[PDB]
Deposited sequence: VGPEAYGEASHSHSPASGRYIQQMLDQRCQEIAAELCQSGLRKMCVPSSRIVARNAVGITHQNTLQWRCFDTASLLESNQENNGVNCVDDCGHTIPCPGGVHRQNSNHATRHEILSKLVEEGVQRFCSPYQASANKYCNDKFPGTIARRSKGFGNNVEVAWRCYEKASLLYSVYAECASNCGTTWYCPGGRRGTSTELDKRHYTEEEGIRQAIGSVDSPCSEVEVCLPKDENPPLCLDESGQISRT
């Protein structure tokens, strides 16, 4: 068991999209009659005129290899660029924003570390739209620090440090490579402010328990070992 996000919200959205595609197929929508391996949930634009970010069930065969980028979701409900792009003329998808949004809300309650939630809230309050990671900055692929990252600048396929549900080291999808592209500048380093936000969270365990983090809330709280 790795100290890493299980990406449980994304898994649930993909499974719900597979069911929705199957239902549309039964309604006669031929292009939705596919195996489950062809269907994922992505938060993205759609065809021409569908210019807002919405949750949609996409046939992966209709997605472009690169980008109109598509976004996946972390277990605190934040959308982050994932591999691929929308073909604005040829996309094969079903927009299902309400049900998929509701599933994200339900998932956040289950899976989002209160420590990470606090760090994310600090970042969004100070720099709207940003989320917290301890990851790379611009043109340096070694150094990590707690920063408020513009979500568009993160890579879902790259895991980066985040806060567990015990306020301990954890890794989450949505990270930086430390490259030197323009996107690599889109962050605000906030070591003191993020650390304070994390330290302000009340423990799920008593002062007489050891917190062992888990990929779902709550963590394990074990009775501290006695002076045996």
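Student: For this chain, which runs of the deposited sequence have no C-alpha coordinates, given in order from the N-terminus?
Tutor: No coordinates exist for the deposited residues in 1 to 12, 80 to 82, 244 to 246, so these stretches are absent from the model.
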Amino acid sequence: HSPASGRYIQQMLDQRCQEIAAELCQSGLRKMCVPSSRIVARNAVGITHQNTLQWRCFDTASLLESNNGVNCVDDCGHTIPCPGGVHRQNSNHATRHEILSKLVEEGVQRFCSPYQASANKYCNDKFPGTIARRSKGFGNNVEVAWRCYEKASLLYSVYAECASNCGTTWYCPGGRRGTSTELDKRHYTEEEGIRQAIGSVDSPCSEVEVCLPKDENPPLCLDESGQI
From here on, numbers count along this sequence of modelled residues.
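Student: Compare the mean C-alpha B-factor of 168 to 176 with that of 191 to 199 as given in the PDB entry, and name the stretch with the higher value.
Tutor: Mean C-alpha B-factor is greater for 191 to 199.
Student: Once you work out the mean C-alpha B-factor for both 209 to 217 and 15 to 23 from the entry, which is higher?
Tutor: The entry gives the higher C-alpha B-factor average to 209 to 217.
Student: By the CA temperature factor listed in this entry, which of these ranks top: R134, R88, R96, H93?
Tutor: Highest C-alpha B-factor among the listed options: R88.
Student: Would you please rank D59 by its C-alpha temperature factor against the other modelled residues of its chain and give the third it falls in: lowest, middle or highest?
Tutor: Ranked within chain, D59 CA B lands in the middle tercile.
Student: With respect to C-alpha B-factor, does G28 fall in the lowest, middle or highest third of the chain as deposited?
Tutor: Bottom third by C-alpha B-factor.
Student: Which third of the chain holds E150 when residues are ordered by C-alpha B factor: lowest, middle or highest?
Tutor: Tercile = middle for this residue's CA B-factor.
Student: Should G139 be placed in the lowest, middle or highest third of its chain by the C-alpha B factor in the entry?
Tutor: For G139, whose C-alpha B-factor we compare with every modelled residue in the chain, the answer is the lowest third.
Student: When the modelled residues of the chain are sorted by Cα temperature factor, does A41 land in the lowest, middle or highest third?
Tutor: It falls in the bottom third of the chain.
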